[PDB]
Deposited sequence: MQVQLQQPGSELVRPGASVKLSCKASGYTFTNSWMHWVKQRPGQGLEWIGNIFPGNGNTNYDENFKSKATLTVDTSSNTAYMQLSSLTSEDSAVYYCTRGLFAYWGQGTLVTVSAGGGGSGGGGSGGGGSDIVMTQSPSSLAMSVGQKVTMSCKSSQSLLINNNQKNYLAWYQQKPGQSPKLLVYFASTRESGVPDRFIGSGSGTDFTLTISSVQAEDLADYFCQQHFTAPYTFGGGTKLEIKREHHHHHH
């Protein structure tokens, strides 16, 4: 029922600006934080910033202060990201994501033509169907408050947005097959696929939700024979 409609693409040139739109339906738009995430080919995912639509409070990552500005239209249930002074390096897919990076829009590709460290391993892996797959994610600081590990796991099939598999380290998200099992605590976390299937070809990211910049891991590029 929840949907985040983003335009497919924008074509822009250096020094110009573009305003990206995210249309939210199926939930109470005023009560959920909205994040924006950039994904550039050859770079992982980095958080840009977030807007709380209910009062307009914002927080910006350093690389997007003076580069991004976030706004809301209460009445249309639409979030906006303004990118200033465009350059070649701003070419990326741009995501809006709701809550603790729980639901992601499908992302807008813009083409400009004419503190916490998360170590994920292995960076790529090739397994056969039926085998057990183990992906680890190690955090430079504890992500525990106590109970409650601020850590999630995502699956990104090629050309699609990331899709939350497990949140708070061990809680499988609604709809996820039971073959996906998250475990761990503090700094060492694991995502286990008890018996992989072919559909499971995807890129698997961990992300900490403790504090900004809500940093993602480098991913595990998982392929199935």
Numbered from 1 on the deposited sequence, the unmodelled stretches are 1, 116 to 130, 163 to 164, 244 to 251
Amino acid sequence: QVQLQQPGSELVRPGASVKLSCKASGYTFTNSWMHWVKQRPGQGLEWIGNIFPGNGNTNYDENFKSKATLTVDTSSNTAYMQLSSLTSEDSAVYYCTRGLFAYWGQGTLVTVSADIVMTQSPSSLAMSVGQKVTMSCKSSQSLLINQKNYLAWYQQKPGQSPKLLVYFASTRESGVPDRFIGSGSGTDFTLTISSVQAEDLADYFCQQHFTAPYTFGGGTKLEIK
From here on, numbers count along this sequence of modelled residues.
So, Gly42's CA B-factor, relative to its chain, sits in which third? The middle
Binned into thirds over the chain's modelled residues, the C-alpha B-factor of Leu83 lands in the highest
Sorting the chain's modelled residues by C-alpha B-factor and splitting them into thirds places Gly175 in the lowest
Sorting the chain's modelled residues by C-alpha B-factor and splitting them into thirds places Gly56 in the middle
Among the modelled residues of its chain, the C-alpha B-factor of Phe29 falls in the third labelled middle
